[PDB]
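Worksheet for the structure shown next.
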Amino acid sequence: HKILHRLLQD
Amino acid sequence: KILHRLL
Amino acid sequence: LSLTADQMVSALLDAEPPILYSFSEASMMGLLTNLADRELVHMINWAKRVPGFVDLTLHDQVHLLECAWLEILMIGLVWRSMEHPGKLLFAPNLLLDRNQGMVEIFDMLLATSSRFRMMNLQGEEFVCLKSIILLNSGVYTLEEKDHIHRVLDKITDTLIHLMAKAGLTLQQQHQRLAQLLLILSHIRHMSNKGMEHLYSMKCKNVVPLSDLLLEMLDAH
Amino acid sequence: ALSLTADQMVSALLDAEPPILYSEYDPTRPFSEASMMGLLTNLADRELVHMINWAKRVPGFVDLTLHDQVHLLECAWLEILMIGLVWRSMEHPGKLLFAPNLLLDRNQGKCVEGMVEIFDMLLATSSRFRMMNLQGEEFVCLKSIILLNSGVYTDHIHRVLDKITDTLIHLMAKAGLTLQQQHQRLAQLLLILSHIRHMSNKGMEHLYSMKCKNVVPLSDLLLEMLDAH
Ligand SMILES: Oc1cccc(CNc2nc(Cl)nc3scc(-c4ccccc4)c23)c1
Ligand SMILES: Oc1cccc(CNc2nc(Cl)nc3scc(-c4ccccc4)c23)c1
């Protein structure tokens, strides 16, 4: 997935 | 410019 | 600066330009750019009838129209496409759906049309919004800036007057005013994208572009 | 979110403010076009991480799906960095405070091809904010409006945007503005957002040209953010 997608979760 | 002469 | 709100509204309504008439990839942008060139001539006459615009210097008038012209074309296009869900009425004889499209811009225009439909934008509000675009879009790029800002405040007053006259509460007036002005950010975005597209057309030197449109790119 | 009062709206936004970060500015060496862009892309990259934390604390934002959250940030991130930059440059006429250790005038911006044009617009926006005496409470409302509005056209978001409008009016009345002055200043503030959009689009085109000429390496995140435009 997009980097941004992961960062929004962490 | 054209806009000059048009105004 | 001395006009009443109703006088502001009737002046802007009176100045409204006419709607003009106009496939391959080259031929369709031929139509769009030929249409845009003819509309620009009428835009110049309209700008001269926006109250306060003639008070500005010729240099300032040129700068404002150079910055705003595609934004103004685009809000006009959205406005006349509003009663045609899912389509853009470039001209009465040139009504397009998205499959005929560019499409990135097309979709943005369609979503703006649907937003105007959603808020039931009124003709009187539309002409105020188009004058705001003209006065605002180049004002950031002393006495002449204060005059533009004083006229801008007058059009805000006129927008609020229209909403009060329509029965809106104070809270609803402020909310709808904000809703309308935020759509102008999206219009700025679409004009930016459309300039880039126009610039690529001039580089590809396939579509014929008028001397006037070529000078409008040069300014950007 | 829709149940917050105006004062609670303002308090939440103020407490969510990201920190001011430092650049990797190396004073031992002169600037080049590459090293100056390197500083700005490195800073923007580190700021984005704090941006994400902040966006999760903007009321109504966590209610959205992950895809919608991605879209809004992809659309607004550079506008948000720029309105932040303008805000913290307000008390430095003629300069842009990219970071406490990176406070530049326009002559230093000429180092990067195409940069001074964007530098001049940011300076003008900062001057506009200063002459309007923009307050921190108003600034945080505007920054949240950008997050929620810029990607919206591409009902819940609009109800939250309306609440922020209510909050701006409440702030203005609390400061003693007349009813007419309230709607005039609301319009003046929201019209600046059109200019911030414009500057973001120019900076995105500028970043793209830096990538495409191999001037500076962009992080994976910055590459994906650019790529969404
Ligand atoms: O009132 C009018 C009359 C014609 C076109 C438009 C809106 N113009 C576009 N719309 C869409 Cl969907 N796609 C594209 S791609 C390039 C343009 C464009 C066209 C002309 C000049 C500058 C840019 C453009 C409004
Ligand atoms: O909070 C920050 C941190 C860094 C930069 C900025 C403002 N960013 C710029 N400002 C000026 Cl004057 N010129 C330029 S030319 C290209 C950019 C740019 C830089 C990075 C990413 C995308 C675009 C840019 C704000």
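Each chain of the structure tokens is named A, B, ... in the order shown, its residues numbered from 1; ligands are numbered from 1 in display order.
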Under the rule of at most 6 Å, produce a per-residue listing of chain D near chain C: chain, number, name, the closest pair of atoms, and the distance in Å, as a tab-separated table, using only C-alpha atoms.
```
residue	atom	partner	partner_atom	distance
D:153	CA	C:111	CA	5.9
D:162	CA	C:175	CA	5.6
D:184	CA	C:153	CA	5.8
D:194	CA	C:185	CA	4.3
```
- Query: Near chain A, which residues of chain D fall within 12 Å when you count only C-alpha atoms, and what do they look like as a ChimeraX atom specification?
  - Reply: /D:45,48-57,61-62,64-74,77,219-225,227-228
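Neighbouring residues of ligand 1 at a cut-off of 6 Å, counting only C-alpha atoms and all ligand atoms, are residues 32, 33, 35, 36, 73, 74, 77, 90, 102, 105, 106, 194, 195, 197 and 198 of chain C.
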Who sits within 9 Å of residue 6 in chain B, only C-alpha atoms, same chain under 4 positions skipped, as an mmCIF file with N, CA, C and O atoms, in the first residue's frame:
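Saved the output as selection-v6.cif:
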```
data_model
loop_
_atom_site.group_PDB
_atom_site.id
_atom_site.type_symbol
_atom_site.label_atom_id
_atom_site.label_comp_id
_atom_site.auth_asym_id
_atom_site.auth_seq_id
_atom_site.Cartn_x
_atom_site.Cartn_y
_atom_site.Cartn_z
ATOM 1 N N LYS B 1 0.356 44.642 -25.990
ATOM 2 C CA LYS B 1 -0.232 43.330 -26.152
ATOM 3 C C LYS B 1 -1.658 43.455 -26.682
ATOM 4 O O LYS B 1 -2.246 44.536 -26.636
ATOM 5 N N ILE B 2 -2.204 42.339 -27.174
ATOM 6 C CA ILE B 2 -3.579 42.324 -27.678
ATOM 7 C C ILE B 2 -4.575 42.685 -26.582
ATOM 8 O O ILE B 2 -5.562 43.387 -26.830
ATOM 9 N N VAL C 41 -12.945 37.633 -25.930
ATOM 10 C CA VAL C 41 -13.294 38.970 -26.398
ATOM 11 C C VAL C 41 -14.497 39.505 -25.630
ATOM 12 O O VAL C 41 -14.514 40.666 -25.201
ATOM 13 N N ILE C 44 -13.681 40.543 -21.964
ATOM 14 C CA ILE C 44 -13.026 41.833 -21.784
ATOM 15 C C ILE C 44 -14.070 42.930 -21.620
ATOM 16 O O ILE C 44 -13.967 43.795 -20.733
ATOM 17 N N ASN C 45 -15.123 42.874 -22.442
ATOM 18 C CA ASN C 45 -16.222 43.829 -22.337
ATOM 19 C C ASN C 45 -16.953 43.685 -21.017
ATOM 20 O O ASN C 45 -17.414 44.675 -20.436
#
```
**Prompt:** What residues have any atom no more than 6 Å from ligand 2 when counting only C-alpha atoms and all ligand atoms, and can you list them as a PyMOL selection string?
**Reply:** chain D and resi 40-41+43-44+81-82+85+98+115+118-119+203-204+206-207
Correct to one decimal, the distance CA of residue 13 in chain C-CA of residue 87 in chain C is 24.9 Å
Among range 18-128 of chain D, which residues does DSSP mark as helix (DSSP H, G or I) when it is run on the backbone? Keep the chain and numbering as in the structure and answer as a PyMOL selection string. chain D and resi 33-56+66-89+106-109+115-128
Neighbours of residue 66 in chain C within 12 Å (only C-alpha atoms; same-chain residues fewer than 2 positions away dropped), as a ChimeraX atom specification? /B:1-4,7 /C:40,43-44,47,59-64,68-72,133-135,137-139,141,191,195,212-220
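Considering only C-alpha atoms, the residue among D:142, D:90, D:97, D:218 positioned nearest to residue 188 in chain D is D:142.
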* To do: Apply DSSP to the structure's backbone, then extract all residues of range 14-213 of chain C labelled strand (DSSP E or B) and return them as number ranges by chain.
  => C: 87-91, 94-97
